[PDB]
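What follows is a set of notes on a single structure, which appears directly below.
Protein chains in written order, with our numbering: chain A, 436 to 561; chain B, 142 to 262; chain C, 37 to 146; chain D, 237 to 685; chain E, 532 to 641.
What follows is the structure, given as structure tokens:
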């Protein structure tokens, strides 16, 4: 039984840096790799970030880099981002997802979307 | 194991003079030597270090080349030169005999009787 | 935000073939053997349908067929179904250490 | 500078006075890690021509890393111990799960950091190379293209600078099998060693000494292979700490002292057994019988205290006055009359006896001295070469003042033949009591008859 | 002026335990260097009370107990005796100022 369920989101004020969390169960966590993506209503999917086994080689999008950070824990096996300097454009639904089979650190091997989640909707308003 | 030394007095600033350390250790060749000073008011502060033959001289950052330290092994004694004297130099000066550390460190064990050196006026 | 250009919407009759495509540069969807096509229904999670240019994952129909030529990836379907109204993407590893996506193509039947 | 010795002729021996000991007393451990990537299949169509060095270099790398994965005269009174004790303990600590992950996470961008383990040990961590960046940024975007072709061969040679070192690694751990003396520069270069000397908790004069003598501490230091899991391959260096620095330490050479008896085979004689290094560390002295464990470099000795004797400060008293009631003064006695010679730092001591041609000659005036009988000693700046028996030797030619003190033939103090010649551990007290009891036995035999 | 900082404003009545704490930067104490504590009774020359916080010299009581943790060291005196009026010190080997001495705390009875 493979599932990804998400935590966090909602209405967040401009600014108001937030830590977002995945949750996953029913499989090996340290063995494979997790990652985050977004998509907003009105347009398509936008990649964000990927991590590998343990906390190593934190990959980031070119247009998003600097505004975010990513790290994982091996106790609860829940991937954790922390995003800063929230603009109007971040109103979107965010998805954790899973990929990679072996113990590798190269991004080209890390492009399989084997499972998906449900995402958190985050809206910025005043 | 005790120590005796001399060389204090009231001398004008700016000029050089001689401090002597005449430790009566029967085997004064192995133990590491330091000199420290205590100025009245403020705390005591390390001045100068020397190791055996005298090839690893080190000084506190207050005096870079101002104080010239030496020892003579066969005459079981030690010397310090006050190349320069500032008003801050006045203090009670101490010889101190340190033992070999478990890592490498000077323990600052049994000290000298101290000599007051005064530079004012 | 650079992406991969894609049609806004394509319409096809049931039981018909579509040949939708996306185009980039050499340091993009062009070559490098990272072509991926994805479908997603609204309010549902995205799904792998085509990975690694041509291969297909477990539990997928064989009517899908991904291919590439020059700097253009293409997806072809056979026997269109009334469940295929969805939005589709092409995803590939760009050369600058990132996973670049497409703009989304709406697939509809009439 | 001021090297000296005083060859005693009372007992023919050389005591090289004037040195600084720079003794090691502890082991400083440090983990050095290389990061490296699990490269998959090359994913190339065709062969091309430019991409040939890359493919074989990476295959060599794979073979190397999978092979590393598949890897896992007073001596009878001297002891034995585990020289590799702290480093193997640190590696065994690293065998615990989730420990090396802390090294991997903490040392993510900083070159050197400090982590604390599960047993309160927090020595140091250091990263020697950054193959993550070069592999994932300068190699794999190029080598894993469709119908692969490198941009140029000049992109490969710097990869050589990042790979050949590692290759050094492999065949220097496949030969010595985990423990390596001396430490090669490929585990730790000279500049990186100078960086690490500015890192361990020692005082700055020790830092100056280590910086001045990088090759010596490089010779002394060890290396032990730690774990290999999560592809963060690492090893612990066990470079020596240095407790006492700059105290006198003398080298005691000995030479035979045997009478030139006309009747051969009836010339009993007793020779000193005290060879080695004696350094006055703290209120006692440390004795090393193994001259090979000690090293010398420009008045500066360096020796190990594990195989050391914490002998009392009264060793100079027996050194000057051999007949003193304060030390045992161990001596080997035998009837052998062997022409043998030793070389001290500032001279040569010949003890050629019987019918043996003995010459001290220089290259300026031919021969200059001839040794007839008795133990004799020549200064280094008096002669060049010495011929004894059928063998030649060369004296050291480094500057120092040396003096010969006029002693006495102590062998003539004792009886012409009472000395036993079948013991290999004896002192002046034990031998004196043996002479006393043999004299008592012979006077008892004379009194009974 | 010293990197060793400790409050020289401490006193207590005889009978109880008095704790003295001196802290430093990363380069001293926290860089694997030990701490040495002395005393400064007037008249006779200062001597070491405790060295590297665990082993103690020949003529000392058991009252003095030394400890360190990270960049901070402490010395406690259980059951204060009257003639302990002195000025107590700290020592380390800061990589800048080589043998750095603390300012020293004046301990007296009430």
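Quick reminder that beta carbons are idealized off the backbone N, C-alpha and C, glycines included.
Close Cβ partners of residue i (< 7 Å) along its chain, the five nearest in sequence each way excluded
i                     : result
residue 349 (chain D) : 342, 343 and 361
residue 517 (chain D) : 257, 259, 480 and 483
residue 446 (chain D) : 433 and 453
residue 161 (chain B) : 146, 147, 148, 218 and 220
residue 289 (chain D) : 389 and 392
residue 553 (chain D) : 560, 562 and 563
residue 501 (chain D) : 571
residue 387 (chain D) : 378
Chain D contact for residue i (CB, 8 Å cutoff)
i                     : result
residue 87 (chain C)  : no
residue 107 (chain C) : no
residue 245 (chain B) : yes
residue 240 (chain B) : yes
residue 165 (chain B) : no
Cβ shell of residue i (< 6 Å), same chain only, five flanking positions each side left out
i                     : result
residue 380 (chain D) : 279
residue 84 (chain C)  : 93
residue 262 (chain D) : 477
residue 259 (chain B) : 151 and 231
residue 566 (chain D) : 509 and 663
residue 178 (chain B) : 188, 232 and 234
residue 358 (chain D) : 350 and 352
Chain E within 8 Å of residue i, Cβ atoms only
i                     : result
residue 248 (chain B) : yes
residue 222 (chain B) : no
CB-CB length for residue i against residue j, believed under 8 Å
i                     : j                     : result
residue 110 (chain C) : residue 56 (chain C)  : 7 Å
residue 248 (chain D) : residue 647 (chain D) : Not a contact, Cβ separation roughly 10 Å.
residue 609 (chain D) : residue 640 (chain D) : Not confirmed; about 16 Å, so no contact.
residue 537 (chain D) : residue 485 (chain D) : 6 Å
residue 571 (chain D) : residue 504 (chain D) : 5 Å
residue 639 (chain E) : residue 542 (chain E) : 5 Å
residue 632 (chain A) : residue 527 (chain A) : This structure cannot settle anything about residue 632 (chain A), because the visible part of chain A is limited to 436 through 561.
residue 471 (chain A) : residue 531 (chain A) : 6 Å
residue 382 (chain D) : residue 67 (chain C)  : 4 Å
residue 440 (chain A) : residue 553 (chain A) : 7 Å
residue 524 (chain D) : residue 530 (chain D) : 5 Å
Contacts that residue i makes with chain D (C-beta to C-beta distance below 8 Å)
i                     : result
residue 131 (chain C) : 377
residue 197 (chain B) : 441, 444, 445, 481 and 482
Chain B contact for residue i (CB, 8 Å cutoff)
i                     : result
residue 619 (chain E) : no
residue 598 (chain E) : no
residue 517 (chain D) : yes
Chain E contact residues for residue i, given Cβ-Cβ distances below 9 Å
i                     : result
residue 440 (chain D) : 624, 626 and 629
residue 202 (chain B) : 627, 628 and 629
residue 187 (chain B) : 622, 628, 629, 630, 631 and 632
Beta-carbon neighbours of residue i, restricted to chain C and to distances below 7 Å
i                     : result
residue 382 (chain D) : 67, 68 and 69
residue 441 (chain A) : In chain order: nothing, as chain C lies at least about 11 Å away.
Neighbour flag for residue i against chain C, beta carbons, 8 Å
i                     : result
residue 465 (chain D) : no
residue 553 (chain A) : yes
residue 518 (chain A) : no
residue 543 (chain A) : yes
Contact set for residue i: own chain, Cβ-Cβ below 8 Å, skip 5 residues either direction
i                     : result
residue 556 (chain E) : 534, 602 and 625
residue 634 (chain D) : 239, 581, 582 and 616
residue 461 (chain A) : 436, 437 and 438
Neighbour flag for residue i against chain A, beta carbons, 8 Å
i                     : result
residue 543 (chain D) : no
residue 284 (chain D) : no
residue 387 (chain D) : no
residue 125 (chain C) : yes
Range covered by the alpha helix (DSSP H) that runs through residue i
i                     : result
residue 431 (chain D) : 426 to 433
residue 528 (chain D) : Unbroken run through residue 528 (chain D): none, as it is neither H nor E.
residue 594 (chain E) : Run containing residue 594 (chain E): none; DSSP gives neither H nor E here.
residue 530 (chain A) : Not the alpha helix (DSSP H): residue 530 (chain A) falls in the beta strand (DSSP E), residues 527 to 534.
Neighbouring residues, chain E, relative to residue i (Cβ below 7 Å)
i                     : result
residue 437 (chain D) : 562, 563 and 564
Interface partners of residue i on chain A, CB under 8 Å
i                     : result
residue 122 (chain C) : None at all; the shortest Cβ gap to chain A is about 12 Å.
Interface partners of residue i on chain B, CB under 8 Å
i                     : result
residue 579 (chain E) : 248, 249 and 250
Endpoints, beta strand (DSSP E) assigned at residue i
i                     : result
residue 323 (chain D) : Run containing residue 323 (chain D): none in the beta strand (DSSP E); it sits in the alpha helix (DSSP H), 322 to 330.
Closer than 7 Å: residue i CB and nearest the ligand HEM heavy atom
i                     : result
residue 241 (chain B) : The ligand HEM is not part of this structure, which contains no ligands at all.
Chain-ordered neighbours of residue i on chain A, where CB pairs are closer than 7 Å
i                     : result
residue 137 (chain C) : 479, 480, 481 and 482
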